[PDB]
Amino acid sequence: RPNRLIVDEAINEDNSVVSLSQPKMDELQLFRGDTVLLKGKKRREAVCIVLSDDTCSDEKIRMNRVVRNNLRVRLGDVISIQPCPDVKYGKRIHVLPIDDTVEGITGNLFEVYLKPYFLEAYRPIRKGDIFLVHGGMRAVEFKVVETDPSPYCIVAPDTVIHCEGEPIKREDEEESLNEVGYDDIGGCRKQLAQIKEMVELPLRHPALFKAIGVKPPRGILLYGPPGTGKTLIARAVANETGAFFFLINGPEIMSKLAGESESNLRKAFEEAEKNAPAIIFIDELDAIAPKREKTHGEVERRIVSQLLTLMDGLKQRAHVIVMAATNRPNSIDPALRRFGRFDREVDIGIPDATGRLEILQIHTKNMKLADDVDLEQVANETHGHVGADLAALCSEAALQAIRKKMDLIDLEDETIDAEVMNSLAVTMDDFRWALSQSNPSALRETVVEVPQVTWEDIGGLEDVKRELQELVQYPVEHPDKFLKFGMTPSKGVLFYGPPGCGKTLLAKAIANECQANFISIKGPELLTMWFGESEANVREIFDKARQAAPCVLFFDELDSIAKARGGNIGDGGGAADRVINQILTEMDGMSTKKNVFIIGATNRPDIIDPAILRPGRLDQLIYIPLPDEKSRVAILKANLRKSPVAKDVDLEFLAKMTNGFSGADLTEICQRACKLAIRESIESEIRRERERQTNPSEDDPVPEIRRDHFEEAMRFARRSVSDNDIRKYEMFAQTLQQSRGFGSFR
Amino acid sequence: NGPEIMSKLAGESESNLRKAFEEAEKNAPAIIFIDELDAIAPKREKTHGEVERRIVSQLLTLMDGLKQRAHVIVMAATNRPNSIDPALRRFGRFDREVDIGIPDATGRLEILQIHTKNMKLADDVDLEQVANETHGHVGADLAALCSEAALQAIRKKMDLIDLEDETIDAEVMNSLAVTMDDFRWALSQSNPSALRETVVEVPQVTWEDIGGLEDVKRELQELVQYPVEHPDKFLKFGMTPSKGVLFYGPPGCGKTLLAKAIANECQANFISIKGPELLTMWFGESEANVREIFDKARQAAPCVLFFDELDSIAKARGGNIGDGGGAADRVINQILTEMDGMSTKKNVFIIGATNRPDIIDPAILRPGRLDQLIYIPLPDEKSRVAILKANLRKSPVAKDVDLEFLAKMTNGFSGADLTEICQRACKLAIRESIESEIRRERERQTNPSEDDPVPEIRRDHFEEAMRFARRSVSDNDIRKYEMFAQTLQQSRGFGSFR
Ligand SMILES: C[C@@H]1CN(C(=O)Cn2ncc(-c3cc(F)c(OCc4nnc(SC5CCCCC5)n4-c4cccnc4)cc3F)n2)C[C@H](C)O1
Ligand SMILES: C[C@@H]1CN(C(=O)Cn2ncc(-c3cc(F)c(OCc4nnc(SC5CCCCC5)n4-c4cccnc4)cc3F)n2)C[C@H](C)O1
Ligand SMILES: Nc1ncnc2c1ncn2[C@@H]1O[C@H](COP(=O)(O)OP(=O)(O)O)[C@@H](O)[C@H]1O
Ligand SMILES: Nc1ncnc2c1ncn2[C@@H]1O[C@H](COP(=O)(O)OP(=O)(O)O)[C@@H](O)[C@H]1O
Ligand SMILES: Nc1ncnc2c1ncn2[C@@H]1O[C@H](COP(=O)(O)OP(=O)(O)O)[C@@H](O)[C@H]1O
């Protein structure tokens, strides 16, 4: 029945598009772009435009917040559709801006923020419709008051659109619920989806939770580095679901009189309870409830008990949800970590490489960014920047664009608003500055991310690409077989081989394949823990992996702790040590987590204590050898990929001449070749500038890495592994290997 | 519950607690339960002042102020009461301190059964795989997993549940039928609350699982089951039963398995403090934590406190030679000191395990302490056959394989590496099965559009696994154990004159 469908989040938006599935649109009687005539809840309909994408699943209908708020529909609701593929034009379309969105910007809004949207964008034009256009550095929205066709009309230059007048006030009877929502959350889509599936039912469906019986999460402990969006995601999941959001940020209450602040918190909870669907969000819970024994006295504990008696005092039949924001909740009171008060503790974490792109896209919506800017180089370069840093970079670029145009902006008495605001056009040249003049907030936190190094990048090693794909992808794709033969899947793999041979690359590729997070604790971090007499910090790292999705917790450069103290011989102590022992102890806990696939990497395995390479722990040894001829050819081609290269070079000859070079030093050879090529190119460029400046007053002296550049780089090459070192790895492999081919009798 | 009172005005919270006790007393059979007693009465010297101690004294004067003729019982809840005020640990106030502990493997099954009563669980779900997989989950985690599975079942049926104005209650609630596919998700999306606490449990590895070693199955059944079944004889001949046994032998030869089987036989708790835990205590300069572990065994029922991989502390610092220090160290010395206290507990049967005994300080292997040495040798021919059959049990196996030939070819492989051979065979068999399954899927997808290419671990899989086998003990290492055994052994058969 195509009449009714359940709404869902849209990704294409365009301020107008409603996304269906063609195998479903055929039932909906729409093919390419036919009008939808979307039917709302109370007393309104929208024309909308039909389109499709991947996430439809032939089950759900997707609408951006413009349509959802226009139709008085919250995400997760059920709505109706009245398909009508017909074309009808209007002549008296009149629109007025919304004072809530225009309260200090004055100009020709019919021309400054309207021209690029009233044609070819297919606005949901219909009397009473409200639409956002996202103009000059502000999410300006308008309402079309009169549309003489209805409920559908052609959005085309044939239809006549008239000029507006003075701004009108927003309808306080409904408030339009603009605020924020899911569409302006980026870089934490998985965490936002987890929160949605965790909190949507109790807030949208409080009626069933009085009958269904099963207790939903009374409180959700959002946490992450400051400025990660905890407040933003909380407010989005509040407004998007229609739940009343009560912010009781810690300092606002801790600053009040002792005893009176307790009353303030209690009456905040009472305010949340008086209306069923409300949610109360406790920002900066570290201040409110830090470690109990680390508090001084009076308020710092008077609140905590007062909080606890209210945190679990609620019966959960009032439909009140207590979300909280903290930083690595190891700091908050352990008493709050109990169940019935905070039973779910999603980790937002810093945005990853491709999440910062989305954050920039959403924040750089109204800036009217120039065409030469890409926002993908900026996202990649902003490594460690938290979403707050991305917003700060956005604002800094905007301010510099204003400040590089203050000469022609202050012509009249300072700013007159006016169309001039569109001229800014923040080019890359301003982003570069903002990025270089902003300090990452969270640069010293283990970043959980899905690495974007695919199987193709790691050429050469092939038996290990299939001997490693097995352990990871077989017990997930067909777990039924593994529970039949009785074997427990091996949640442990350590790569031992010559230094710099793709261990990190192989682990990252494994993470990439099964869309899995990749937490690399490099050797220097383990040395920091060992030297610092803080091996307990290891407990956090493993926990950081546990709270995440399927995670290849990768101990890069393992055995560095032992390598830093001679090893099994040459030192008074034995093989075991602080950090390795703590890793061993905590690993056995994550031997039953069935999502984490602990990986190790070692450049010198024989010093590793054998206590870890036994069943349950990193039992499965894998040997990656130094690349062979064909493998070296593959590595050369793969690591020179994404860089210009001439047809003259034949990588087969280089590979065979590359007799005994590992992956790291082979990529070093490629980097030296590229370095010499860029030096030649820049020298030719400055020489061409010299010619330009002199009397005479062919533009590509070296448009790719030339062959003799590779010649010179190879002449400048260097190898890091000797015959004895490479033989040592195979000799060690003989320890857990055998040549018992004699027992051929089955 | 503590916070409900600690949140009230100082002096007025004292009155609230006092009137709570008065309410308990006004009716004789009432009992008062103090939840989160850590907040109410933490360590006295670690409190700051005012309420945190004003309550405690106010509690103490009421905890023992009751005459016990009013029939009021004051139960309390705490976490490892080493944290609560020691003054409350005195007698006449808290004289019995039972330890609930986390549910064991078979207890989580019952917890799931009771919590999954009203969910109307589907038929394909078993609740025993879920219980086994939920290792470390506390009962609260089991309830959370229950609720998460229920919520996912609702959420995978919200499409046909919100047909009317949201939920109309109605019969539809029976349709949920939370299948395993939802439990799997809930289990994978829940973090164990208590995963770093020594778990007291009755292990479910019976005598049958540990094949081969037989003289030790009867030389170990003796010390454990004779002084409990017929204690009258032991108090007649005068000998005190030996509450100590250390297993020394090649690494990975069933020491942990033998200790677990001993625990299983006499329905006894089994606290294994593996070598890495003792190294954590030694490195951390926190040998006092050992005092807790022994206490954790004392408060439990008959308990084989098992020091798995003992001597790891000495193995981590060279040993008796190669290091400036002597045989003794922090953790081993603390274990020795605390063990003498539990030499008169007559329920605990401290067990040790060592892969390299000669480095162990001999201070522990003398009367009262782990005096009785037991040698488990590397398995022999028949013993290797038994081990093969026992560790391939509970897994499909073909009739083609004849384990006698594998065992004899398995000339010098220990128990651990022999089970490793079996695991490699099963790994290759599962790889072959999954490869055949994906190939069959390929055939299904292509034009043509016999369902058991490999329904058991086949024989050539064992062939290849044995070709991929590996041994962890050499001739010198195995001879070292018997040479050490000669230290406390003799060949004095000359004195045949009675
Ligand atoms: C008592 C015991 C058990 N026993 C049994 O008879 C029952 N039994 N037989 C098999 C299983 C089983 C266990 C699992 F833990 C499991 O996990 C799947 C999984 N899900 N997500 C990931 S993440 C993966 C890697 C990183 C992120 C990207 C993708 N993995 C994953 C991947 C790789 C390795 N390990 C887990 C699946 C299973 F089938 N239980 C008897 C035996 C003698 O002893
Ligand atoms: C002064 C002294 C004594 N003396 C005497 O003449 C008097 N005397 N003679 C014998 C005993 C005696 C002592 C015990 F401690 C005891 O304990 C029984 C027990 N109960 N539960 C378990 S747990 C068991 C193991 C783990 C959990 C699963 C089941 N065990 C147990 C098991 C194995 C080993 N040890 C205890 C029984 C006794 F008979 N007293 C003179 C002498 C020279 O010196
Ligand atoms: N994931 C995100 N998506 C979009 N904006 C974000 C995100 N995280 C942070 N921000 C930006 O950082 C600012 C602070 O947001 P938030 O972290 O929710 O509050 P707080 O910094 O007080 O915790 C907001 O103005 C918001 O625009
Ligand atoms: N196909 C490949 N095989 C091996 N190494 C590669 C390949 N492609 C690139 N590399 C280079 O190998 C390096 C990874 O080194 P890695 O082996 O992780 O060091 P370690 O062995 O110390 O962990 C990267 O710097 C990368 O440039
Ligand atoms: N009958 C048996 N005898 C010996 N070992 C067995 C037997 N059955 C299984 N095993 C294997 O022995 C291993 C136990 O090793 P264990 O001897 O406890 O190591 P350690 O000697 O270091 O304590 C288990 O992993 C198990 O798979």
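Please treat every number below as a calculation from the coordinates, not as lab data. Note that we place each Cβ from the backbone using ideal geometry, even for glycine, and neighbour counts take in every protein chain shown.
Name the single residue that is surrounded by the fewest Cβ atoms within 10 Å (Cβ to Cβ) among those in the stretch A:45-74 being assigned to a loop (DSSP other than H, G, I, E, B) and polar (S, T, N, Q).
Out of the qualifying residues, it is A:57.
Identify all residues within the stretch A:646-661 that are of a type in the set (A, V, I, L, M, F, W, C) and in contact with a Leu (Cβ under 9 Å, 6 or more places away or on another chain); write none if there are none. Give the steps one after another, and end with the answer.
Residues of the stretch A:646-661 that are of a type in the set (A, V, I, L, M, F, W, C), as a first pass: A:646, A:649, A:651, A:653-655, A:657, A:661.
Hits for the stretch A:646-661 are A:649, A:651, A:654, A:655, A:661.
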* Do you know which residues across the stretch A:513-544 are aliphatic (A, V, I, L, M), within 16 Å of ligand 4 (Cβ to nearest atom) and under 15 Å from residue A:582 (Cα atoms)? -> A:521, A:526, A:527
* Asked: Looking only at residues in the stretch B:1-59 that are farther than 22 Å from residue A:300 by Cβ and acidic (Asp, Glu), which one is farthest from the other protein chains (Cβ to nearest Cβ)?
  -> B:25
* Please tell me if residue A:639 is buried (at least 17 other Cβ atoms within 10 Å of the Cβ), more than 16 Å from ligand 4 (Cβ to nearest atom) and part of a helix (DSSP H, G or I). => no
* Scanning the stretch B:96-118 for residues that are surrounded by fewer than 19 Cβ atoms within 10 Å (Cβ to Cβ) and over 23 Å from residue B:293 (Cβ atoms), which turns out nearest to the other protein chains (Cβ to nearest Cβ)? -> B:118
* Asked: Pairs under 8 Å by beta carbon, first residue within 11 Å of chain A (Cβ to nearest Cβ) in the stretch B:463-485, partner among the aromatic types (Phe, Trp, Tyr), six or more apart or different chains?
  -> B:469/B:413; B:471/B:413
* Structure fact -> Of the conditions (1) more than 9 Å from chain A (Cβ to nearest Cβ); (2) buried (at least 19 other Cβ atoms within 10 Å of the Cβ); (3) more than 39 Å from the chain's Cα centre (by Cα), the single one that residue B:161 does not satisfy is (1)
* **Sole residue being surrounded by fewer than 17 Cβ atoms within 10 Å (Cβ to Cβ) and away from ligand 2 (no atom under 16 Å from the Cβ), chosen from B:193, B:175** => B:175
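Taking the condition within 25 Å of residue B:257 (Cβ to Cβ) and either touching a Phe, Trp or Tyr at 6+ places or on another chain (Cβ under 7 Å) or at the interface with chain A (Cβ under 10 Å from one of its Cβ atoms) (or both), does residue B:433 pass?
Working: within 25 Å of residue B:257 (Cβ to Cβ): no; either touching a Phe, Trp or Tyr at 6+ places or on another chain (Cβ under 7 Å) or at the interface with chain A (Cβ under 10 Å from one of its Cβ atoms) (or both): yes.
So residue B:433 does not fit the description; no.
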* **Answer from A:616, A:600 - the residue that is within 14 Å of chain B (Cβ to nearest Cβ) and either within 21 Å of residue A:458 (Cβ to Cβ) or away from ligand 2 (no atom under 16 Å from the Cβ) (or both)** => A:616
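Identify all residues within the stretch B:279-292 that are within 14 Å of chain A (Cβ to nearest Cβ) and of a type outside the set (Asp, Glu); write none if there are none.
Of the stretch B:279-292, the ones within 14 Å of chain A (Cβ to nearest Cβ) are B:279-286, B:289.
Across the stretch B:279-292, the qualifying residues are B:279, B:280, B:281, B:282, B:283, B:284, B:286, B:289.
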* To do: For residues that are within 22 Å of residue B:22 (Cα to Cα) and small (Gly, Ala, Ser), scanning just the stretch B:74-117, find the one that is farthest from the chain's Cα centre (by Cα).
  => B:92
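Across the stretch A:642-655, which residue is nearest to the chain's Cα centre (by Cα) among those that are farther than 14 Å from residue A:460 by Cα and assigned to a helix (DSSP H, G or I)?
We begin by selecting, within the stretch A:642-655, every residue farther than 14 Å from residue A:460 by Cα; these are A:642-650, A:653-654.
Going one step further and asking which of them are assigned to a helix (DSSP H, G or I), we end up with A:653-654.
Working: A:653: 42, A:654: 40 Å.
Only one residue tops the list, namely A:654.
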* Filter the stretch A:173-198 down to the residues that are within 22 Å of the chain's Cα centre (by Cα) and away from ligand 3 (no atom under 16 Å from the Cβ), then identify the one that is farthest from the other protein chains (Cβ to nearest Cβ). => A:198
* Structure fact -> Filtering the stretch A:120-129 down to residues that are among the hydrophobic types (A, V, I, L, M, F, W, C) and farther than 15 Å from residue A:152 by Cα yields none
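Please report, ordered by residue number, the helices (runs of 4 or more DSSP H) entirely within the stretch A:517-616 with at least 3 residues that are of a type in the set (A, V, I, L, M, F, W, C) and closer than 30 Å to residue B:319 by Cβ.
Numbers: elements: A:523-531, A:537-546, A:560-563, A:578-589.
Qualifying helices (runs of 4 or more DSSP H): A:523-531, A:578-589.
Answer yes or no as to whether residue B:374 is under 18 Å from residue B:219 (Cβ atoms) and either within 16 Å of ligand 1 (Cβ to nearest atom) or buried (at least 24 other Cβ atoms within 10 Å of the Cβ) (or both). Break it down into steps so the answer makes sense when it comes.
Details: under 18 Å from residue B:219 (Cβ atoms): yes; either within 16 Å of ligand 1 (Cβ to nearest atom) or buried (at least 24 other Cβ atoms within 10 Å of the Cβ) (or both): no.
Here the answer is no, as residue B:374 does not meet what is asked.
Looking at the stretch A:108-125, which of its residues are assigned to a loop (DSSP other than H, G, I, E, B) and out of contact with any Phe, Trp or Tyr (no Cβ under 7 Å at 6 or more places or on another chain)?
Once the filter is applied, which keeps residues that are assigned to a loop (DSSP other than H, G, I, E, B) and out of contact with any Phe, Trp or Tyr (no Cβ under 7 Å at 6 or more places or on another chain), the stretch A:108-125 yields A:108, A:113, A:114, A:115, A:116, A:117, A:118, A:119, A:120, A:121, A:122, A:125.
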* Of the numbered conditions (1) buried (at least 20 other Cβ atoms within 10 Å of the Cβ); (2) not in a helix (DSSP H, G or I), residue B:150 fails exactly one; give the number of that condition. => (2)
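Could you say whether any residue in the stretch B:361-384 is closer than 14 Å to residue B:278 by Cβ, outside any helix (DSSP H, G or I) and away from ligand 5 (no atom under 14 Å from the Cβ)? Even if it seems obvious, please write down each step before you answer.
Step one: list which residues in the stretch B:361-384 are closer than 14 Å to residue B:278 by Cβ, which gives B:361, B:364.
Still in the running and outside any helix (DSSP H, G or I): B:361, B:364.
With the extra rule that they be away from ligand 5 (no atom under 14 Å from the Cβ), the set shrinks to B:361, B:364.
Yes, some residue in the stretch B:361-384 is closer than 14 Å to residue B:278 by Cβ, outside any helix (DSSP H, G or I) and away from ligand 5 (no atom under 14 Å from the Cβ).
Are there helices (runs of 4 or more DSSP H) fully within the stretch A:256-349 with at least 1 residues that are more than 30 Å from residue A:384 (Cβ to Cβ) and hydroxyl-bearing (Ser, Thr, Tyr)? List them.
On the way: elements: A:260-274, A:285-288, A:299-311.
Where helices (runs of 4 or more DSSP H) fall fully within the stretch A:256-349 and carry at least 1 residues being more than 30 Å from residue A:384 (Cβ to Cβ) and hydroxyl-bearing (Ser, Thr, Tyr), they are A:260-274, A:299-311.
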* **Any hit, the stretch B:302-324, residues being farther than 26 Å from residue A:614 by Cα, more than 13 Å from chain A (Cβ to nearest Cβ) and in contact with a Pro (Cβ under 8 Å, 6 or more places away or on another chain)** => no
* To do: Would you be able to say whether some residue in the stretch A:619-629 is within 30 Å of residue A:707 (Cβ to Cβ) and surrounded by fewer than 16 Cβ atoms within 10 Å (Cβ to Cβ)?
  => yes
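Of all residues in the stretch A:240-265, which are more than 22 Å from the chain's Cα centre (by Cα), within 16 Å of ligand 3 (Cβ to nearest atom) and more than 12 Å from residue A:284 (Cβ to Cβ)?
Step one: filter the stretch A:240-265 for residues more than 22 Å from the chain's Cα centre (by Cα), giving A:241-265.
Now drop any that are not within 16 Å of ligand 3 (Cβ to nearest atom), which leaves A:245-254.
Correct list: A:245, A:246.
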